There are 4 protein chains.
Amino acid sequence: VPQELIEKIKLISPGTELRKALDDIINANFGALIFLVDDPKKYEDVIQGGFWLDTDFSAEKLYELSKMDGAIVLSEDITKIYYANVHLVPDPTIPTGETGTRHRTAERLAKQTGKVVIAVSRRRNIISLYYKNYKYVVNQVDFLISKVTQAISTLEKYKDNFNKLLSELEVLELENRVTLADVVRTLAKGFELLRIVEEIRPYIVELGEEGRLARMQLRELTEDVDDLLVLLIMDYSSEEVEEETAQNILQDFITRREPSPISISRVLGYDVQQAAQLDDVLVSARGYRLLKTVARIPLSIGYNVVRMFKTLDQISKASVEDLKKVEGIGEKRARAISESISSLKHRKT
Amino acid sequence: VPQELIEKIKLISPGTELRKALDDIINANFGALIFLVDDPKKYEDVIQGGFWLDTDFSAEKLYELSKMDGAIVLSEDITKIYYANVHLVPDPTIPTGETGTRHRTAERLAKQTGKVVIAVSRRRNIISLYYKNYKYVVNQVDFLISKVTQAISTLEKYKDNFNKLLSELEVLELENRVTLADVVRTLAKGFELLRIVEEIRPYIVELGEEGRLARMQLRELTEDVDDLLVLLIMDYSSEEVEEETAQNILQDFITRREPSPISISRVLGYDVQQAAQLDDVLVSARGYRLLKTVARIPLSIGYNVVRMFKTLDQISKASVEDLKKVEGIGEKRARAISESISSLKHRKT
Amino acid sequence: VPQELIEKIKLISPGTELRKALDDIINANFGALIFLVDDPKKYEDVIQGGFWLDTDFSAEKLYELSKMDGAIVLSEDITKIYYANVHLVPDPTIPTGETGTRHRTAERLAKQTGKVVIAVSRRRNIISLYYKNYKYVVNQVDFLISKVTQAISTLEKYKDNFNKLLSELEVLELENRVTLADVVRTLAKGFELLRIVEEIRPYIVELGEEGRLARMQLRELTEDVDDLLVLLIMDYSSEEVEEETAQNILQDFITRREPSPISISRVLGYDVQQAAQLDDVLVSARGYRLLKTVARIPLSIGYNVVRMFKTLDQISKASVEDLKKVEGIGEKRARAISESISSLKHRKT
Amino acid sequence: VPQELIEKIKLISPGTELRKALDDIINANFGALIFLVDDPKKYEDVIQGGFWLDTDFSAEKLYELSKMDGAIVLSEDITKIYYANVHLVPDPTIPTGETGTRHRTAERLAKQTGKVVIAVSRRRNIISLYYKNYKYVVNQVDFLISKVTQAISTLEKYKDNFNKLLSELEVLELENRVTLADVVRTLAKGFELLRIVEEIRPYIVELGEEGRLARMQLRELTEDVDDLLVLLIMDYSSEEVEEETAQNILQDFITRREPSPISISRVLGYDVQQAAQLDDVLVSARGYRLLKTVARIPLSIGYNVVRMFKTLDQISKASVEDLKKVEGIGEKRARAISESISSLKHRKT
Ligand SMILES: Nc1ncnc2c1ncn2[C@@H]1O[C@@H]2COP(=O)(O)O[C@H]3[C@@H](O)[C@H](n4cnc5c(N)ncnc54)O[C@@H]3COP(=O)(O)O[C@H]2[C@H]1O
Ligand SMILES: Nc1ncnc2c1ncn2[C@@H]1O[C@@H]2COP(=O)(O)O[C@H]3[C@@H](O)[C@H](n4cnc5c(N)ncnc54)O[C@@H]3COP(=O)(O)O[C@H]2[C@H]1O
Ligand SMILES: Nc1ncnc2c1ncn2[C@@H]1O[C@@H]2COP(=O)(O)O[C@H]3[C@@H](O)[C@H](n4cnc5c(N)ncnc54)O[C@@H]3COP(=O)(O)O[C@H]2[C@H]1O
Ligand SMILES: Nc1ncnc2c1ncn2[C@@H]1O[C@@H]2COP(=O)(O)O[C@H]3[C@@H](O)[C@H](n4cnc5c(N)ncnc54)O[C@@H]3COP(=O)(O)O[C@H]2[C@H]1O
């Protein structure tokens, strides 16, 4: 979705005085046909008749003005009301797939002037915004909150299965009994989870000020899933992988690549064709996840610890002194790794 | 519900251009009486007057056309609009239990031609689809999402009690202190849970594209309950039972047989009449559930392990070598069974 | 609420053909004034004019008939439609606090005949049912599901705090470190929880067939709270108390007595005035809760075990043989008590 | 928000007969312009024409009276209806930013008389209450329950992350491995959580009797978060802090100060500028949280225990006798501290 159009959809997002007026116009079954321009003079050929107002804009003035036939002309920044009750006359030969004279006039005029045109018909209750060759239908807040509420509810469900997989994987990690199947199942779920988010983002945006609580909900639910997934890929990929690299694999399984078990294991560096094979491939965490999250060791110094010990299993067998031989590890970060790792083995297994 | 009718209900499911038009017609309080046929000529006797259109179909064309009196005739695949404003004249002697001339004409005509007929009255806001001797009332999306949201909410509650029973049964399983009552209580709940799903499936289907999130929610909630229940029946039935057999018992307690404590224990091979008896019948898991789910041993090779050890208790007392004597168990699947079982005993008890 | 009136509210509960018609009448803004009697002849003095129908009842017939002025007369069992468009003439001197001629006529006539009278005004959308000196306003399904959904949601919250208290009390019970404060806090919460249920029951009832899922939700949420609370009172009351007695204390703290910390401890047999005192009163479970729920020992035989050991602490120190000396305890119920108790001490503490 | 205005908003809160009438007026699209005064005589100059009623007030009388043009005059306590159909004539020169003659008359008249004036336009469906120079727009119940339901839902999410942080911090506390970062992260979340509450309080208030369940939900969710947060600040602040002091820091991070990681640690007495520094600052709980909550030791006597041992670590190493040397600690409070602390170390780590 063009960012050029996003800045336009903002103009009529919940919270703006312009949207407040549109809502009143819809609820009042009045019609609306708004033309947004910066210099009316430059477009005096597509604007006929009506009344020249040139007054400050307000929701109430726009609402009252929409009680009349025709179009209203506003300054692009929505701070002025230039015309009212005018006859918009764009080129009739410009292509349009819209219905009704108001909408066909809207799209045509937007294309022609490269400006924004808003249309609201008395019959239906949708807000249609035309920019250039773009068309965006703005849904009512209640429809959006309905979809959003459902999505969030779906995410809770996914986040739950994710936590269960992750806590079970944790046990397998400490006991060094992890299989590729286990890792993939966890990654798969986390990928799916983040796709849901990406797919509802636009909905959140159309909510504007009414999207406040939904953003807060999403943030609590996906708080650290991304870092956790990147750390998982760094700990189980076939061969050493930099964080930046891992972040791309994540991004890639959220936009394009489908989180398929076989597909995920493949991109991780494991050559498999049969899904059943995964349960046979034994793997061992490198140790990044446990070093940054629990041991609170910066990923940068973690690279050194991994370099010298290779896996979490060897790191958990290391001693405070051994660890101290690592570049970036003093006495504090040494006991941190040690105690934190031993603590988890005693409590989770 | 006939599958022949399901393919028809799809024609007007949320997501289709045809339903989009019907919704606009309802919201606009216009009436509608649609006749779907492939060859108009063949039915020129039930079609009188109106205008011959023979144009491509579109939601907007149908919406506008419904502003006129009479019926609209469309091609069965909803890609053409043949007539508009016609007078449908089915045989008045065909039985009908409907009200109002529009609906009685609808059902009669559907019966007569064996074709689909849709009726929407200006007064009410329901979509009535007539096929042959079938009649399906399509509810609005908001009514469906309301029922569905409640059901899902009810399932969460059931899934919770299910997890609690299952985790407690787990403890009893490892400690080999399981009683028939325990197993039945768990099976009962899982059966109830899956019935809820089956009973709301039709609702999900009427939602069409608006059922996307509801399907995803249901899938996370019932992710593996079915396999888990089949494995429970295989581990506690009175005498050895094949998976296929277990799958039928499950299916049977989801469609016909009521998940009654006494009824479930009975079908499991235990002869009981008094509910209080269950707490007295001591039972021991065969070990399938723990072998496939935790040990990730294919059910097929599991049959061999069960054959040689009979119960989970004996399997947990077996050694890596002992297990290796089983057909299908090498060194990996041997340690898998061993370590996984011992791991659970140490963590859960 | 009189049970005599409950049987009347059923007549217009969601699911009945009569309510289906009323809903259509409300949605269509038609008015309604229904008089339910068994023998029209006996009331020919309060019924003037109109048309004598004496036909089978149906929602459609009632809906159509309500398009006319006046009242409709139906048989008490709603299987016949006697009159339509009649003028109901009850005694004008009968007291009534209602507004508008339709409602004042309704209440007056119900009082006079001791029969049921239903009124629906075109203006508002409520269903008013008059019986004798009773008046019941039936709310729409959407309003009910809204309140119910909130209550259920509130219960989840309470059930959560209840589980947390109960699981913590469990730890204190096994470790024999329970204080009166702990018990009261748990009882208090469970009492509150069940009050919520009692207070929303009427709402559930007004929902009729639309209350199906709400009943199922409530049942999962309050599944065994009552037995659990009775067992708590039996295990911590100041002196030995029979189950029946405990069940009355529960019932009493759900209807009359407010679940006050000081009030609860008082009724339990402990003489306290200051809330802060509770944290000082040391108490020890008798053992009923653990014997019936976990050990699955019938409350009747439990009385014997408690008799001989007094507290759970002594029971957990008892041996299989010791327990066998109890009337009703063989070898199975002996190991049951033993293993189950020791199992919990090892897992929870 | 002035408390003087709060007492006014109550007059039209859900549950009051006055609001019941307003709702009926809105649903009936009638207009309303109410003037509340105690002595009509004193204002006979702003009141012209209409009918002098001087009758008892009732929702039905007000509803019927609003069917006429003009304003209605009521006694300030809403127990009398003085005028109806009058012409309110406030000073036209009083400033007003309202639209339409009804609203401009409302605000002007409220300012002039310092009395309350209510306005409801036929077009829209909002209730505008004017007091002095204050203006309060009362939203419908459905809009409020929607926002509230979302907020509560958002809180659940926060309360969850809070519990997870707190339970993890618990482990670190017992193991005496707590870092400033850990404490701040937990405090931050709890602060955020309580802000949500404060920010939705006004919504709850506008709900009146329809806010009952929402208040109960909030109470279960935030049951003891405040005490828990105060105890956290007392246990980890840089230097000894009195409860009253801690309560102010809490209050301050809920109203003004933003719960910023760096900002929180700073106010706790730790001099830091870089967020990354927190993970390096080792800290140790004083022991208040564990003494009051678990050991149930009054905060007052806790001060003594902390005085003599300084930290929870030393308290957990203390013996029953050692503790007995503390002012306020006998044998019971001595074993309480001991057993409770050792119990937690054995179960959580
Ligand atoms: N060139 C044409 N070809 C066919 N029919 C024509 C027509 N011009 C006008 N009409 C018919 O007149 C109806 C109402 O015209 P109206 O100006 O009141 O009411 C109009 C007008 O206030 C506004 N509008 C449409 N186009 C406009 C334009 N180019 N400039 C300013 N306002 C416009 O939208 C309203 C409704 O449009 P809608 O099509 O639903 O309804 C149209 C249409 O059925
Ligand atoms: N044979 C008959 N017996 C008794 N009354 C008769 C009748 N024929 C017509 N009417 C009366 O005229 C009303 C409206 O006729 P209309 O054609 O405008 O408006 C009709 C028409 O546009 C459509 N419709 C009904 N039957 C149809 C058919 N066989 N073919 C095409 N359109 C039909 O549905 C609309 C409403 O039907 P509705 O019954 O509610 O309303 C009917 C009914 O009260
Ligand atoms: N004795 C009286 N005193 C003062 N005003 C009188 C009156 N009798 C009739 N009216 C006026 O006429 C209005 C409509 O009469 P209507 O018979 O059409 O329409 C009536 C009628 O169909 C029905 N209804 C009321 N009382 C009834 C009765 N005793 N028997 C049968 N139907 C009744 O309810 C409808 C609306 O009643 P609503 O009061 O809202 O509206 C009443 C009222 O304002
Ligand atoms: N001084 C003035 N300047 C410009 N226009 C004037 C005017 N006085 C009256 N009107 C026009 O007449 C409309 C309706 O007057 P109305 O008395 O029926 O119906 C009125 C009246 O019943 C009530 N209302 C307004 N001001 C009032 C006042 N000072 N005292 C009592 N009632 C008032 O609110 C209704 C609607 O007001 P609304 O402005 O929407 O609608 C107004 C407005 O467009």
# chains A, B, ... in the order shown; residues from 1 in each chain; ligands from 1
>>> interface_residues(of="chain C", to="chain D", cutoff="12 Å", atoms="only C-alpha atoms", output="PyMOL selection string")
chain C and resi 97-100+122-126+142-143+146-162+164+168-169+171-172+174-179+181-182+189+192-193+196+199-200+276-282+345-349
>>> write_last_selection(atoms="C-alpha atoms", output="mmCIF file, in the first residue's frame")
data_model
loop_
_atom_site.group_PDB
_atom_site.id
_atom_site.type_symbol
_atom_site.label_atom_id
_atom_site.label_comp_id
_atom_site.auth_asym_id
_atom_site.auth_seq_id
_atom_site.Cartn_x
_atom_site.Cartn_y
_atom_site.Cartn_z
ATOM 1 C CA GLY C 97 -49.471 2.459 37.811
ATOM 2 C CA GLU C 98 -48.929 1.968 34.098
ATOM 3 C CA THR C 99 -48.877 4.563 31.297
ATOM 4 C CA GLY C 100 -50.862 4.699 28.068
ATOM 5 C CA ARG C 122 -45.351 0.559 18.774
ATOM 6 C CA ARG C 123 -43.096 3.240 20.293
ATOM 7 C CA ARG C 124 -40.849 1.181 22.568
ATOM 8 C CA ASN C 125 -39.553 -2.332 22.052
ATOM 9 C CA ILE C 126 -40.193 -4.163 25.304
ATOM 10 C CA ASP C 142 -29.141 -8.842 22.710
ATOM 11 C CA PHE C 143 -29.481 -6.938 25.994
ATOM 12 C CA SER C 146 -24.652 -8.517 26.834
ATOM 13 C CA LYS C 147 -25.225 -8.651 30.603
ATOM 14 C CA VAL C 148 -24.673 -12.398 30.715
ATOM 15 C CA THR C 149 -21.466 -12.204 28.710
ATOM 16 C CA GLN C 150 -20.133 -9.621 31.156
ATOM 17 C CA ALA C 151 -21.103 -11.656 34.215
ATOM 18 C CA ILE C 152 -19.442 -14.796 32.823
ATOM 19 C CA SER C 153 -16.398 -12.693 32.130
ATOM 20 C CA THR C 154 -16.492 -11.461 35.741
ATOM 21 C CA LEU C 155 -16.775 -15.031 36.986
ATOM 22 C CA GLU C 156 -13.667 -16.101 35.055
ATOM 23 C CA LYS C 157 -11.836 -13.422 37.028
ATOM 24 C CA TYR C 158 -13.254 -14.654 40.321
ATOM 25 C CA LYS C 159 -12.652 -18.310 39.465
ATOM 26 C CA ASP C 160 -9.049 -17.364 38.773
ATOM 27 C CA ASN C 161 -8.450 -15.715 42.151
ATOM 28 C CA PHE C 162 -10.277 -18.678 43.682
ATOM 29 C CA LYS C 164 -4.898 -19.203 43.226
ATOM 30 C CA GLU C 168 -1.877 -21.819 47.954
ATOM 31 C CA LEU C 169 -4.159 -23.158 50.689
ATOM 32 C CA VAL C 171 0.349 -25.999 50.050
ATOM 33 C CA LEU C 172 -0.456 -24.752 53.543
ATOM 34 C CA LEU C 174 -0.063 -30.367 53.276
ATOM 35 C CA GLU C 175 2.523 -28.502 55.318
ATOM 36 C CA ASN C 176 -0.028 -28.174 58.138
ATOM 37 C CA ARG C 177 0.593 -24.426 58.400
ATOM 38 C CA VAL C 178 -2.959 -23.220 57.755
ATOM 39 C CA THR C 179 -4.352 -20.147 59.496
ATOM 40 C CA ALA C 181 -7.283 -16.154 57.676
ATOM 41 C CA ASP C 182 -6.258 -18.440 54.825
ATOM 42 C CA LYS C 189 -14.024 -15.804 47.332
ATOM 43 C CA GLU C 192 -18.778 -14.354 46.180
ATOM 44 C CA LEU C 193 -18.304 -16.453 43.056
ATOM 45 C CA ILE C 196 -22.633 -13.928 40.957
ATOM 46 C CA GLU C 199 -27.677 -13.211 40.649
ATOM 47 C CA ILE C 200 -27.547 -13.894 36.926
ATOM 48 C CA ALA C 276 -6.559 -8.962 62.098
ATOM 49 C CA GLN C 277 -7.068 -11.791 64.580
ATOM 50 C CA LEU C 278 -7.635 -14.385 61.852
ATOM 51 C CA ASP C 279 -3.944 -14.438 60.861
ATOM 52 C CA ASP C 280 -3.254 -15.593 64.401
ATOM 53 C CA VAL C 281 -5.696 -18.481 64.634
ATOM 54 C CA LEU C 282 -3.919 -21.696 63.632
ATOM 55 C CA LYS C 345 3.326 -33.882 49.408
ATOM 56 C CA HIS C 346 6.099 -34.847 46.986
ATOM 57 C CA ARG C 347 4.711 -32.839 44.027
ATOM 58 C CA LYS C 348 3.318 -29.682 45.673
ATOM 59 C CA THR C 349 5.935 -29.328 48.437
#
>>> select_by_dssp(residues="region 1-135 of chain D", states="alpha helix (DSSP H)", output="ChimeraX atom specification")
/D:3-9,17-27,59-65,100-113
>>> atom_distance(atom1="CA of residue 238 (chain A)", atom2="CA of residue 272 (chain A)")
12.1 Å
>>> residues_near_ligand(ligand="ligand 3", cutoff="10 Å", atoms="only C-alpha atoms and all ligand atoms", output="PyMOL selection string")
chain C and resi 30-35+46-50+66-72+84-90+92+99-106+108-109+119-123
>>> select_by_dssp(residues="region 2-61 of chain B", states="strand (DSSP E or B)", output="PyMOL selection string")
chain B and resi 32-37+47-56
>>> write_last_selection(atoms="N, CA and C atoms", output="PDB file, in the first residue's frame")
ATOM      1  N   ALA B  32     -36.559  -8.871  -2.952  1.00  0.00           N
ATOM      2  CA  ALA B  32     -35.839  -9.618  -3.978  1.00  0.00           C
ATOM      3  C   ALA B  32     -36.465 -10.978  -4.195  1.00  0.00           C
ATOM      4  N   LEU B  33     -36.513 -11.400  -5.452  1.00  0.00           N
ATOM      5  CA  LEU B  33     -37.028 -12.724  -5.812  1.00  0.00           C
ATOM      6  C   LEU B  33     -36.225 -13.176  -7.037  1.00  0.00           C
ATOM      7  N   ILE B  34     -35.151 -13.928  -6.776  1.00  0.00           N
ATOM      8  CA  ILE B  34     -34.224 -14.420  -7.802  1.00  0.00           C
ATOM      9  C   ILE B  34     -34.455 -15.877  -8.223  1.00  0.00           C
ATOM     10  N   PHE B  35     -34.393 -16.113  -9.529  1.00  0.00           N
ATOM     11  CA  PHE B  35     -34.592 -17.436 -10.096  1.00  0.00           C
ATOM     12  C   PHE B  35     -33.290 -17.781 -10.826  1.00  0.00           C
ATOM     13  N   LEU B  36     -32.663 -18.895 -10.459  1.00  0.00           N
ATOM     14  CA  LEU B  36     -31.400 -19.312 -11.079  1.00  0.00           C
ATOM     15  C   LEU B  36     -31.589 -20.473 -12.042  1.00  0.00           C
ATOM     16  N   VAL B  37     -31.304 -20.233 -13.316  1.00  0.00           N
ATOM     17  CA  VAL B  37     -31.447 -21.278 -14.313  1.00  0.00           C
ATOM     18  C   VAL B  37     -30.319 -21.205 -15.321  1.00  0.00           C
ATOM     19  N   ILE B  47     -41.948 -17.910 -16.726  1.00  0.00           N
ATOM     20  CA  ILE B  47     -41.445 -16.548 -16.781  1.00  0.00           C
ATOM     21  C   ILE B  47     -42.295 -15.697 -17.713  1.00  0.00           C
ATOM     22  N   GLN B  48     -42.957 -14.675 -17.178  1.00  0.00           N
ATOM     23  CA  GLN B  48     -43.794 -13.811 -18.009  1.00  0.00           C
ATOM     24  C   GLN B  48     -43.392 -12.352 -17.910  1.00  0.00           C
ATOM     25  N   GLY B  49     -43.400 -11.670 -19.050  1.00  0.00           N
ATOM     26  CA  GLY B  49     -43.076 -10.253 -19.078  1.00  0.00           C
ATOM     27  C   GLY B  49     -41.666  -9.857 -18.689  1.00  0.00           C
ATOM     28  N   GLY B  50     -41.555  -8.721 -18.006  1.00  0.00           N
ATOM     29  CA  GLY B  50     -40.249  -8.239 -17.595  1.00  0.00           C
ATOM     30  C   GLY B  50     -39.418  -7.786 -18.784  1.00  0.00           C
ATOM     31  N   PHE B  51     -38.127  -7.562 -18.556  1.00  0.00           N
ATOM     32  CA  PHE B  51     -37.214  -7.125 -19.604  1.00  0.00           C
ATOM     33  C   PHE B  51     -36.137  -8.173 -19.825  1.00  0.00           C
ATOM     34  N   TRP B  52     -35.814  -8.438 -21.082  1.00  0.00           N
ATOM     35  CA  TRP B  52     -34.763  -9.391 -21.410  1.00  0.00           C
ATOM     36  C   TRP B  52     -33.459  -8.590 -21.411  1.00  0.00           C
ATOM     37  N   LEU B  53     -32.559  -8.929 -20.494  1.00  0.00           N
ATOM     38  CA  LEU B  53     -31.281  -8.232 -20.333  1.00  0.00           C
ATOM     39  C   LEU B  53     -30.086  -8.905 -20.985  1.00  0.00           C
ATOM     40  N   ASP B  54     -29.888 -10.172 -20.626  1.00  0.00           N
ATOM     41  CA  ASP B  54     -28.800 -11.000 -21.137  1.00  0.00           C
ATOM     42  C   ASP B  54     -27.471 -10.259 -21.086  1.00  0.00           C
ATOM     43  N   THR B  55     -27.146  -9.764 -19.900  1.00  0.00           N
ATOM     44  CA  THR B  55     -25.924  -9.013 -19.695  1.00  0.00           C
ATOM     45  C   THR B  55     -25.082  -9.637 -18.598  1.00  0.00           C
ATOM     46  N   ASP B  56     -23.825  -9.225 -18.506  1.00  0.00           N
ATOM     47  CA  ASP B  56     -22.942  -9.746 -17.478  1.00  0.00           C
ATOM     48  C   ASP B  56     -23.497  -9.347 -16.130  1.00  0.00           C
TER      49      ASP B  56
END
>>> residues_around(residues="residue 137 (chain B)", least_positions_apart="2", cutoff="7 Å", atoms="only C-alpha atoms", output="JSON list (two decimals) with N, CA, C and O atoms, in the first residue's frame")
[["chain", "number", "residue", "atom", "x", "y", "z"],
["B", 126, "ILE", "N", -34.12, -11.47, 6.23],
["B", 126, "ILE", "CA", -33.49, -12.78, 6.13],
["B", 126, "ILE", "C", -33.40, -13.16, 4.66],
["B", 126, "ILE", "O", -34.13, -12.63, 3.82],
["B", 127, "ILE", "N", -32.47, -14.05, 4.36],
["B", 127, "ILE", "CA", -32.28, -14.51, 3.01],
["B", 127, "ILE", "C", -32.80, -15.95, 2.97],
["B", 127, "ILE", "O", -32.21, -16.82, 3.61],
["B", 128, "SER", "N", -33.88, -16.21, 2.24],
["B", 128, "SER", "CA", -34.43, -17.57, 2.13],
["B", 128, "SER", "C", -34.06, -18.19, 0.78],
["B", 128, "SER", "O", -34.47, -17.68, -0.27],
["B", 129, "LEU", "N", -33.30, -19.28, 0.80],
["B", 129, "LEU", "CA", -32.89, -19.97, -0.43],
["B", 129, "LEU", "C", -33.65, -21.28, -0.61],
["B", 129, "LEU", "O", -33.61, -22.15, 0.26],
["B", 135, "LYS", "N", -35.13, -25.96, 2.04],
["B", 135, "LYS", "CA", -35.29, -24.55, 2.35],
["B", 135, "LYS", "C", -34.22, -24.20, 3.37],
["B", 135, "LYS", "O", -34.13, -24.82, 4.42],
["B", 139, "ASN", "N", -28.74, -16.57, 7.87],
["B", 139, "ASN", "CA", -28.73, -15.50, 8.85],
["B", 139, "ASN", "C", -27.67, -14.47, 8.52],
["B", 139, "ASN", "O", -26.72, -14.74, 7.78]]
>>> atom_distance(atom1="CA of residue 2 (chain C)", atom2="CA of residue 130 (chain C)")
13.2 Å
>>> atom_distance(atom1="CA of residue 237 (chain D)", atom2="CA of residue 165 (chain D)")
18.1 Å
>>> residues_around(residues="residue 7 (chain A)", least_positions_apart="4", cutoff="12 Å", atoms="only C-alpha atoms", output="list in words")
residues 1, 2, 3, 11, 12, 13, 76, 77, 116, 129, 131, 205 and 206 of chain A
>>> residues_around(residues="residue 18 (chain B)", least_positions_apart="4", cutoff="9 Å", atoms="only C-alpha atoms", output="ChimeraX atom specification")
/B:11-14,22-23,58-59,62,78
